[PDB]
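Structure record follows, encoded as structure tokens.
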Amino acid sequence: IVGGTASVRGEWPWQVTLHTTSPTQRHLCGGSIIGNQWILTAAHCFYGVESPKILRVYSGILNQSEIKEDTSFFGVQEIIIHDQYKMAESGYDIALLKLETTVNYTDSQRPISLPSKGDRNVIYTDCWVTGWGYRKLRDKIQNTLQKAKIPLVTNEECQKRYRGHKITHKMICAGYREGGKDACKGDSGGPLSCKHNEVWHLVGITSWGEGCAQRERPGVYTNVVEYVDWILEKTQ
Ligand SMILES: CC(C)(C#N)c1cc(COc2ccccc2CC(=O)O)cc(-c2ccc3c(c2)[C@H](N)CO3)c1
């Protein structure tokens with residue numbers, strides 16, 4: 001996250017850190033708890049991943065330094081990538097991880113609801129992007145989970161900033177005209193969480209963009225509401 005601030009314990013309890021364990025253990029991407037055995041994340045995170053065997057999902061983490069040799073984590077039973085996925089910029093950048101066991105919900109780990117059925121006309125004005133990603137180019141994964149409030153921009157405006165790409169209604173964009181706040185490497189797969197009537201909803205999945213926090217280059221997110229039929233079918 002560029003231009004964000006440190007989160008505190010229990011602030012974003014649906015946020016998880018997905019680690020790969022070979023050839024080193026490192027944070028790969030973010031994700032969101034959406035059910036007791038289900039993480040919603042970005043398909044592009046799994047490029048070159050030979051199987052779910054090398055993944056670990058950590059929930060209830062604020063600082064990456066908390067993760068030690070005895071820190072509990074969930075194994076991944078299955079990676080479900082959208083059948084239309086090809087590359088992040090084309091869309092369909094969405095994946096489910098089915099965990100090997102259930103997540104017990106606490107103040108530090110609990111699910112986020114998807115955008116509600118019937119809320120098409122809701123205008124989201126309080127959206128936040130979170131993660132352990134870079135705070136600038138050529139950075140490293142951050143220790144403390146960062147947060148930034150980012151305004152949604154219309155798909156029409158987003159398309160004008162990305163004339164070389166097809167911005168579809170399966171994507172949503174968010175960013176400031178002058179840049180300064182955005183997601184960056186290591187944030188993909190995590191949530192774009194929006195609060196409406198004091199309830200958080202998972203409106204976007206961090207997916208792609210040109211650089212990080214550049215002026216007139218908003219972040220592009222998977223528009224979760226357009227995948228509810230797919231999510232529900234896979235998690236039923
Ligand atoms: C820093 C650099 C090189 C630039 N520009 C760069 C590299 C990568 C590559 O990351 C991965 C590759 C394979 C697998 C997994 C990842 C990790 C990942 O996607 O988070 C990603 C982003 C980036 C991520 C999110 C984002 C934006 C850019 C937009 N600002 C809006 O949201 C930027």
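Every chain in the structure tokens has a letter given in the order shown (A, B, ...), and although residue numbers restart at 1 in each chain, ligands are simply numbered from 1 in the order shown.
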
Tell me, as a VMD selection string, which residues lie within 12 Å of residue 133 of chain A, counting only C-alpha atoms; anything in the same chain fewer than 3 positions away does not count.
-> chain A and resid 1 to 4 17 to 18 26 to 30 64 129 to 130 136 to 148 182 to 190 206 212

Would you mind exporting N, CA, C and O atoms of the selected residues as a compact mmCIF listing (two decimals), in the first residue's frame?
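Here's the written file again10.txt:
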# COMPACT_ATOMS: atom_id res chain seq x y z
N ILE A 1 0.84 -1.19 0.00
CA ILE A 1 0.00 0.00 0.00
C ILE A 1 0.87 1.24 0.00
O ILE A 1 1.73 1.39 0.87
N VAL A 2 0.65 2.13 -0.97
CA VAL A 2 1.36 3.40 -1.04
C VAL A 2 0.48 4.42 -0.36
O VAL A 2 -0.71 4.46 -0.63
N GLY A 3 1.08 5.27 0.47
CA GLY A 3 0.37 6.37 1.11
C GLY A 3 -0.62 5.98 2.18
O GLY A 3 -1.49 6.78 2.53
N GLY A 4 -0.47 4.78 2.71
CA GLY A 4 -1.36 4.30 3.74
C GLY A 4 -0.78 4.52 5.13
O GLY A 4 0.22 5.23 5.31
N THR A 17 -2.88 -13.31 4.89
CA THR A 17 -1.63 -13.28 4.15
C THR A 17 -1.39 -14.68 3.60
O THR A 17 -1.44 -15.67 4.36
N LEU A 18 -1.22 -14.79 2.28
CA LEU A 18 -0.98 -16.07 1.64
C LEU A 18 0.50 -16.19 1.44
O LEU A 18 1.09 -15.31 0.81
N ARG A 26 7.73 -16.77 1.84
CA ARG A 26 7.43 -15.35 1.73
C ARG A 26 5.99 -15.14 1.51
O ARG A 26 5.29 -16.01 1.03
N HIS A 27 5.57 -13.93 1.80
CA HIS A 27 4.23 -13.47 1.53
C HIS A 27 4.10 -13.33 0.01
O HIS A 27 4.92 -12.67 -0.65
N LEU A 28 3.07 -13.92 -0.55
CA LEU A 28 2.80 -13.87 -1.96
C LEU A 28 1.70 -12.86 -2.31
O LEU A 28 1.86 -12.04 -3.21
N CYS A 29 0.57 -12.92 -1.62
CA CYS A 29 -0.60 -12.13 -1.95
C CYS A 29 -1.49 -12.01 -0.74
O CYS A 29 -1.34 -12.77 0.23
N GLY A 30 -2.46 -11.14 -0.82
CA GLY A 30 -3.49 -11.06 0.19
C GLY A 30 -4.67 -11.94 -0.20
O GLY A 30 -4.69 -12.56 -1.28
N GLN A 64 3.87 -9.16 9.87
CA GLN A 64 4.48 -10.36 9.27
C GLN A 64 5.54 -10.95 10.21
O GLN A 64 5.76 -12.16 10.20
N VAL A 129 -8.45 -0.05 0.96
CA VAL A 129 -7.61 -1.10 0.42
C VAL A 129 -6.54 -1.40 1.45
O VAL A 129 -6.00 -0.48 2.07
N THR A 130 -6.29 -2.69 1.71
CA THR A 130 -5.36 -3.09 2.74
C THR A 130 -4.37 -4.12 2.24
O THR A 130 -4.67 -4.87 1.29
N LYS A 136 6.18 1.79 -2.24
CA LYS A 136 6.86 2.51 -3.31
C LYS A 136 7.44 1.43 -4.25
O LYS A 136 7.45 0.25 -3.91
N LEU A 137 7.94 1.84 -5.43
CA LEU A 137 8.57 0.88 -6.34
C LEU A 137 9.87 0.35 -5.71
O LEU A 137 10.52 1.05 -4.92
N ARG A 138 10.24 -0.90 -6.04
CA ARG A 138 11.47 -1.54 -5.57
C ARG A 138 11.56 -1.57 -4.05
O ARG A 138 12.62 -1.36 -3.48
N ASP A 139 10.43 -1.85 -3.41
CA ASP A 139 10.37 -1.91 -1.96
C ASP A 139 10.43 -3.40 -1.52
O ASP A 139 10.91 -4.27 -2.26
N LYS A 140 10.03 -3.67 -0.30
CA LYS A 140 9.91 -5.01 0.22
C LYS A 140 8.52 -5.12 0.83
O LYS A 140 7.84 -4.11 1.05
N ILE A 141 8.10 -6.35 1.13
CA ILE A 141 6.85 -6.59 1.83
C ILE A 141 6.92 -5.94 3.21
O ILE A 141 7.96 -6.00 3.87
N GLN A 142 5.89 -5.18 3.54
CA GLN A 142 5.84 -4.47 4.80
C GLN A 142 5.51 -5.35 5.97
O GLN A 142 4.80 -6.36 5.84
N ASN A 143 5.99 -4.96 7.15
CA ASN A 143 5.74 -5.73 8.34
C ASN A 143 4.29 -5.56 8.81
O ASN A 143 3.57 -6.54 8.94
N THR A 144 3.85 -4.33 9.03
CA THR A 144 2.52 -4.07 9.53
C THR A 144 1.52 -3.89 8.45
O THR A 144 1.72 -3.05 7.57
N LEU A 145 0.36 -4.55 8.57
CA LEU A 145 -0.74 -4.41 7.60
C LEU A 145 -1.11 -2.95 7.40
O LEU A 145 -1.34 -2.25 8.38
N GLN A 146 -1.01 -2.47 6.17
CA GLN A 146 -1.31 -1.08 5.85
C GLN A 146 -2.72 -0.92 5.34
O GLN A 146 -3.28 -1.85 4.76
N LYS A 147 -3.28 0.28 5.50
CA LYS A 147 -4.62 0.62 5.04
C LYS A 147 -4.61 1.98 4.36
O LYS A 147 -3.86 2.87 4.75
N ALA A 148 -5.45 2.14 3.35
CA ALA A 148 -5.63 3.43 2.69
C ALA A 148 -7.04 3.55 2.21
O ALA A 148 -7.58 2.61 1.62
N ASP A 182 -2.58 3.96 -3.21
CA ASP A 182 -2.91 2.87 -4.14
C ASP A 182 -2.40 1.57 -3.54
O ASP A 182 -1.57 1.60 -2.62
N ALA A 183 -2.82 0.44 -4.12
CA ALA A 183 -2.24 -0.83 -3.77
C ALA A 183 -0.98 -1.01 -4.66
O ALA A 183 -0.78 -0.27 -5.63
N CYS A 184 -0.09 -1.93 -4.29
CA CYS A 184 1.15 -2.17 -5.02
C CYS A 184 1.57 -3.64 -4.82
O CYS A 184 0.80 -4.42 -4.25
N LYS A 185 2.75 -4.04 -5.30
CA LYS A 185 3.16 -5.44 -5.27
C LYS A 185 3.07 -6.05 -3.89
O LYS A 185 3.65 -5.56 -2.93
N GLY A 186 2.35 -7.14 -3.83
CA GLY A 186 2.09 -7.89 -2.61
C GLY A 186 0.70 -7.64 -2.08
O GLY A 186 0.22 -8.40 -1.25
N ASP A 187 -0.01 -6.62 -2.59
CA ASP A 187 -1.39 -6.35 -2.16
C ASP A 187 -2.42 -7.10 -2.95
O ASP A 187 -3.54 -7.26 -2.45
N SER A 188 -2.09 -7.60 -4.15
CA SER A 188 -3.11 -8.29 -4.95
C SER A 188 -3.73 -9.43 -4.24
O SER A 188 -3.09 -10.09 -3.40
N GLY A 189 -5.00 -9.64 -4.54
CA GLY A 189 -5.74 -10.71 -3.89
C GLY A 189 -6.46 -10.24 -2.65
O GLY A 189 -7.40 -10.91 -2.21
N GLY A 190 -5.96 -9.19 -2.01
CA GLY A 190 -6.61 -8.65 -0.84
C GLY A 190 -7.86 -7.88 -1.19
O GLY A 190 -8.19 -7.69 -2.36
N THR A 206 -8.07 -6.66 -5.12
CA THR A 206 -6.91 -5.99 -5.74
C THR A 206 -6.34 -6.82 -6.87
O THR A 206 -6.02 -7.99 -6.68
N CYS A 212 2.39 2.21 -9.42
CA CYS A 212 1.73 2.28 -8.12
C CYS A 212 1.60 3.74 -7.72
O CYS A 212 2.59 4.47 -7.65

Nearby residues (only C-alpha atoms) at most 10 Å from residue 39 of chain A, same-chain spacing under 4 positions excluded, as a PyMOL selection string | chain A and resi 14-16+18+30-35+57+76+79+95-99+111+189-190

Just give me the gap between atom CA of residue 151 of chain A and atom CA of residue 226 of chain A in Å, one decimal is fine.
-> 19.4 Å

Interatomic distance between atom CA of residue 59 of chain A and atom CA of residue 74 of chain A?
->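 Result for atom CA of residue 59 of chain A versus atom CA of residue 74 of chain A: 8.2 Å, one decimal.
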
Name all residues at most 9 Å from residue 210 of chain A (count only C-alpha atoms; drop same-chain ones fewer than 3 positions away) and give them as a ChimeraX atom specification.
-> /A:162,213-214,217-219

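Summary of the local environment: counting only C-alpha atoms, residues at most 9 Å from residue 85 of chain A, other than itself and those fewer than 4 positions away along its chain, are residues 43, 44, 81, 90, 91, 92, 93 and 94 of chain A.
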
Produce a file of the selected residues containing C-alpha atoms, as a PDB file, in the first residue's frame.
ATOM      1  CA  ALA A  43      -6.082 -15.791  -9.822  1.00  0.00           C
ATOM      2  CA  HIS A  44      -2.870 -14.118 -10.998  1.00  0.00           C
ATOM      3  CA  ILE A  81      -9.279 -20.411 -10.530  1.00  0.00           C
ATOM      4  CA  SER A  90      -8.097  -9.101 -19.183  1.00  0.00           C
ATOM      5  CA  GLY A  91     -10.291  -9.812 -16.166  1.00  0.00           C
ATOM      6  CA  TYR A  92     -11.586 -12.904 -14.402  1.00  0.00           C
ATOM      7  CA  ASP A  93      -8.817 -12.296 -11.833  1.00  0.00           C
ATOM      8  CA  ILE A  94     -10.521 -14.288  -9.143  1.00  0.00           C
TER       9      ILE A  94
END

Could you tell me how far atom CA of residue 62 of chain A lies from atom CA of residue 19 of chain A, in Å and to one decimal?
-> 14.4 Å

Can you pull out every residue within 12 Å of residue 69 of chain A, counting only C-alpha atoms, but drop anything in the same chain fewer than 4 positions away, and send it as a ChimeraX atom specification?
-> /A:25,65,73

N, CA and C atoms of the current selection, written as an mmCIF file, in the first residue's frame:
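Result file follows (selection.cif):
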data_model
loop_
_atom_site.group_PDB
_atom_site.id
_atom_site.type_symbol
_atom_site.label_atom_id
_atom_site.label_comp_id
_atom_site.auth_asym_id
_atom_site.auth_seq_id
_atom_site.Cartn_x
_atom_site.Cartn_y
_atom_site.Cartn_z
ATOM 1 N N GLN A 25 10.180 -19.102 2.148
ATOM 2 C CA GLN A 25 8.844 -18.752 2.626
ATOM 3 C C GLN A 25 8.743 -17.257 2.537
ATOM 4 N N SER A 65 6.186 -10.101 11.054
ATOM 5 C CA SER A 65 7.185 -10.550 12.016
ATOM 6 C C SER A 65 6.587 -11.489 13.056
ATOM 7 N N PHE A 73 -1.208 -22.032 10.913
ATOM 8 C CA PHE A 73 -1.634 -21.624 9.585
ATOM 9 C C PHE A 73 -2.532 -22.712 9.039
#

Could you pull out all residues of segment 101-221 of chain A with a DSSP call of strand (DSSP E or B) and give them as a ChimeraX atom specification?
-> /A:106,109,113,127-131,144,146-149,152-153,171-174,182,191-196,199-208,219-221

Written file, previous selection with C-alpha atoms, as an mmCIF file, in the first residue's frame:
data_model
loop_
_atom_site.group_PDB
_atom_site.id
_atom_site.type_symbol
_atom_site.label_atom_id
_atom_site.label_comp_id
_atom_site.auth_asym_id
_atom_site.auth_seq_id
_atom_site.Cartn_x
_atom_site.Cartn_y
_atom_site.Cartn_z
ATOM 1 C CA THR A 106 -12.635 -14.367 16.714
ATOM 2 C CA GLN A 109 -10.332 -13.470 12.126
ATOM 3 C CA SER A 113 -19.896 -10.336 3.466
ATOM 4 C CA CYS A 127 -13.742 2.091 0.623
ATOM 5 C CA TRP A 128 -10.410 0.916 1.933
ATOM 6 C CA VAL A 129 -7.608 -1.103 0.417
ATOM 7 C CA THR A 130 -5.360 -3.094 2.744
ATOM 8 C CA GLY A 131 -2.245 -5.220 2.543
ATOM 9 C CA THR A 144 2.522 -4.066 9.534
ATOM 10 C CA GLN A 146 -1.309 -1.077 5.853
ATOM 11 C CA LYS A 147 -4.621 0.621 5.044
ATOM 12 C CA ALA A 148 -5.627 3.432 2.689
ATOM 13 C CA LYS A 149 -8.973 4.986 1.937
ATOM 14 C CA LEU A 152 -14.008 4.622 -6.572
ATOM 15 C CA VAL A 153 -13.808 6.125 -10.043
ATOM 16 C CA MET A 171 -13.756 -4.585 -13.043
ATOM 17 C CA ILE A 172 -13.944 -1.548 -10.784
ATOM 18 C CA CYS A 173 -11.374 1.172 -10.398
ATOM 19 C CA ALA A 174 -10.249 3.225 -7.462
ATOM 20 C CA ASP A 182 -2.909 2.871 -4.136
ATOM 21 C CA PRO A 191 -9.822 -6.746 -0.337
ATOM 22 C CA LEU A 192 -11.243 -3.435 -1.389
ATOM 23 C CA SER A 193 -13.608 -3.227 1.575
ATOM 24 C CA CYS A 194 -16.468 -0.697 1.629
ATOM 25 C CA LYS A 195 -18.629 0.157 4.635
ATOM 26 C CA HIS A 196 -22.364 0.755 4.048
ATOM 27 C CA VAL A 199 -21.492 -3.199 7.540
ATOM 28 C CA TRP A 200 -18.339 -3.973 5.595
ATOM 29 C CA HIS A 201 -18.701 -5.592 2.158
ATOM 30 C CA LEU A 202 -16.071 -7.074 -0.112
ATOM 31 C CA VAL A 203 -16.545 -4.864 -3.159
ATOM 32 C CA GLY A 204 -13.238 -5.489 -4.949
ATOM 33 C CA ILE A 205 -10.222 -7.762 -5.123
ATOM 34 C CA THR A 206 -6.908 -5.992 -5.738
ATOM 35 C CA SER A 207 -5.848 -6.968 -9.242
ATOM 36 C CA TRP A 208 -3.668 -4.669 -11.403
ATOM 37 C CA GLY A 219 -5.971 0.694 -9.305
ATOM 38 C CA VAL A 220 -8.099 -1.915 -11.063
ATOM 39 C CA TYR A 221 -10.017 -4.418 -8.948
#

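Of the listed residues (A:41, A:24, A:102, A:84), A:41 comes nearest to ligand 1; the distances count only C-alpha atoms and all ligand atoms.
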